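Structure first, then comments.
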Amino acid sequence: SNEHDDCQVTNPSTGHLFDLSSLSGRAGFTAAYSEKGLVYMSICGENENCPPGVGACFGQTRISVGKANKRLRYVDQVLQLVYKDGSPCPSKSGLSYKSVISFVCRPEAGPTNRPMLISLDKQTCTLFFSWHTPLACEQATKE
């Protein structure tokens, strides 16, 4: 179970598939890392601002914040990707940055419809992203 052709996950409760493959690709998307940075991260695949294998990095610093992973999973009405094995943890040892792309079912879209960085986790090198998009929605359309 979990996914189909990958990069796409199903409501296990509805049997409805979500595909973020139109979001996928080495083009990737961007998130605003504070006012100084931008994140460049591709969905499921590697990002072109990143070296082959890295699916998420910064635009200014080019510190990889995660590697390409196509495991889109339905979790708490969210669909979340996690791009691990980013750049070595400056704040710890033997760890790396990772992403948490929590796609959020929101019938309301973004102005641009960006993956919105919630916040950083420097304690365990996590970048918590949440993309409130009608793409991952179907459920919240109700409530």
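The first residue you see is number 1, and the count goes up from there.
For this deposited structure, the header notes the method as solution NMR.
Backbone N, Cα and C atoms are what each Cβ position is placed from, and that goes for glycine too.
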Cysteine paired with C125, where Swiss-Prot records a disulfide bond, from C89, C105, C137 = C89
According to Swiss-Prot, which candidate among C7, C50, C57 shares a disulfide with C44?
-> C7
Candidates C44, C50, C57, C105 (disulfide-bonded residues) - the one closest to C125 (disulfide bond) by CA = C57
Disulfide-bonded residues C7, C105, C137 vs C57 (disulfide bond), shortest C-alpha separation belongs to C7
Nearest of the disulfide-bonded residues (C7, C44, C105) to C89 (disulfide bond) - Cα to Cα | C44
Expressed to the nearest Å, what is the distance separating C137 (disulfide bond) and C50 (disulfide bond) at their Cα atoms?
-> 29
